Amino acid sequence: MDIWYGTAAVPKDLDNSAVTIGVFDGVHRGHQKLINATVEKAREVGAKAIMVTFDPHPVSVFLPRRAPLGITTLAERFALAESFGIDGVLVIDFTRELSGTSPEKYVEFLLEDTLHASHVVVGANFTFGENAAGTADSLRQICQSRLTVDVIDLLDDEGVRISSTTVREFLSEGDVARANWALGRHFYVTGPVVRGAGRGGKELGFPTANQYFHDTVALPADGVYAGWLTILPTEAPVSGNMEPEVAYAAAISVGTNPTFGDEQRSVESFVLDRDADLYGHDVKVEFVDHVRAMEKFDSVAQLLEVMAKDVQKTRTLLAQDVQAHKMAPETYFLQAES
């Protein structure tokens, strides 16, 4: 997949394409409908499937620092776009172009001159041009005879509208199961493992891995979750008895640094039945189900007792998760008991 920053970076010799346009944060099941329809139509005519997306978030342009939390990073948005068959992502920055343009010159400059589009796919909510004047209906009538438009209704399922907004609310509530249901996969983050308390190994109270994330990253509510930790492909040695590219059962503790300026979430992972320390590695943490709310501890004995209960509840939730195999990982490690 190609990645282009700005209209100017798109090759001039690109001759035909089918195009979809949106923020696409999270690439939820609704987003997958637009991508699916785009890819299928591009196959039909032997053209390329292009996603046009936006960075920084269009909201943060008008209201700096008050933009919605990112369900995925830009890098992950690229990876997901690839995994669903996109051939090229064009990234638009509204502080550089396409903001003050009229609806008419938007279609002309972007879809024709730049992308040589024959088909375009948008959601019913889609807007464009100066002061958001251009709508889905605008696009249909501006494109009559020039190129075909397909407008897809927003996805409703089980009485819930599937959008970036609702995925954020589920995450914020700590309801990762409903978020996963809306995403069509386990919600996850990735990042380098740093030093934390003690060292991963024989002692249950020390995390197997410690990660930190900036405050523009959407994460579930503080608390403990069941999920899967995966060491990303690597040739570097691993301390202890975990192997790379295997999804390990884990109790995951999401927290907020006290106090800190720009707080600032932590993720501490207790991998079941393994003695390991993952400093240096890039690690993926997938969330499956909520286990408990955060609490304060007044003794080591009390802390470990609750730790053991988390493990027990995690074993149960993960043994269920494996049975719904469309979300569960290919290669996993889960022991029947301790």
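The first residue of the shown sequence is 1; numbering continues from there.
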Taking the deposited Cα B-factors and averaging over 271 to 279 and over 293 to 301, the higher mean is found in 293 to 301
With B-factors read from the PDB entry, the higher C-alpha mean of 175 to 183 and 156 to 164 is in 156 to 164
From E243, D87, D93, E203, the top C-alpha temperature factor is at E203
In this crystal structure's PDB entry, the residue among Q144, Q211, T72, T234 with the greatest CA B factor is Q144
Tertile call for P68 (CA temperature factor, within chain, third-based) is the middle
Of the three thirds of the chain ranked by Cα temperature factor, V311 occupies the middle
Binned into thirds over the chain's modelled residues, the C-alpha B-factor of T114 lands in the middle
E44: CA B-factor among chain residues, third -> highest
Assert third(CA B-factor, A328) within chain per record equals highest
